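Peer 1: sequence? don't have it. structure:
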Ligand SMILES: Cc1cc2nc3c(=O)[nH]c(=O)nc-3n(C[C@H](O)[C@H](O)[C@H](O)COP(=O)(O)O)c2cc1C
């Protein structure tokens with residue numbers, strides 16, 4: 001499996017590691033990839049796309065790297081299963097509600113409720129691990 005993410009201070013990156021740990025604990029292999037080093041072709045061969053990005057300016061996906069990546073794969077992911085996650089600060093998850101609506105709009109099947117955690121996943125560590133375990137069972 002593969003987890004692709006963008007993180008500006010390390011919050012979403014930490015979530016990604018924790019989600020990977022859950023998948024591994026369930027007996028499966030998984031690689032975490034920063035959006036900068038992702039290979040679209042190899043990524044498109046995955047049965048489930050696990051994508052994460054923190055909330056950026058005015059509740060949007062990160063603009064210089066993550067958004068363009070989503071746009072590029074947008075026409076080639078109809079029917080694919082996706083699990084979404086990310087860290088946020090002062091908002092209430094608007095960027096994620098929009099990210100979920102967008103992926104659905106591209107024809108994807110959002111398999112679980114998106115996992116969102118405020119700032120660093122300190123108290124929410126187990127929640128991240130459990131999300132990974134749910135994904136491993138799909
Ligand atoms: C430029 C900028 C804009 C932000 N905009 C939002 C926002 O609109 N809503 C929100 O809840 N958090 C916002 N945040 C806070 C981040 O989503 C939050 O700090 C998160 O934990 C960052 O995770 P990361 O280290 O994975 O990037 C913003 C942060 C930055 C740096």
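Peer 2: Thanks, I have it. Residues are numbered from 1 along each chain as shown.
Peer 1: and the helices in the chain?
Peer 2: With DSSP state H as the criterion, the chain has helices at 11-25, 40-43, 66-73, 94-105, 125-136.
Peer 1: buried residues in the shortest one?
Peer 2: Read it as helix 40-43. For helix 40-43, the neighbour count (16 or more other C-beta atoms under 10 Å) marks residue 43 as buried. In short, each C-beta sits where N, CA and C put it, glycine included.
Peer 1: which residues touch it?
Peer 2: With contact meaning C-beta atoms under 8 Å, 6 or more residues apart in numbering, helix 40-43 is reached by 2, 4, 33, 49, 69, 72, 73.
Peer 1: pretty sure the fifth one sits against residue 33.
Peer 2: No: under the criterion of C-beta atoms under 8 Å, residue 69 makes no contact with residue 33, lying 10.9 Å away.
Peer 1: for the longest strand along the chain, name the packing helices and strands.
Peer 2: Using DSSP state E to define each element, the chain has its longest strand at strand 81-88. With contacts taken as 3 or more C-beta pairs under 8 Å, 6 or more residues apart in numbering; DSSP states H and E, strand 81-88 sits against helix 11-25, strand 48-53, helix 94-105, strand 109-110, strand 115-118, helix 125-136.
Peer 1: go with 10 Å
Peer 2: strand 2-6, helix 11-25, strand 48-53, helix 94-105, strand 109-110, strand 115-118, helix 125-136 (3 or more C-beta pairs under 10 Å, 6 or more residues apart in numbering; DSSP states H and E).
Peer 1: can you tell me which of these is nearest to the ligand?
Peer 2: The ligand sits nearest to helix 11-25 of all the helices and strands packed on strand 81-88, at 3.1 Å, using C-beta to the nearest ligand atom.
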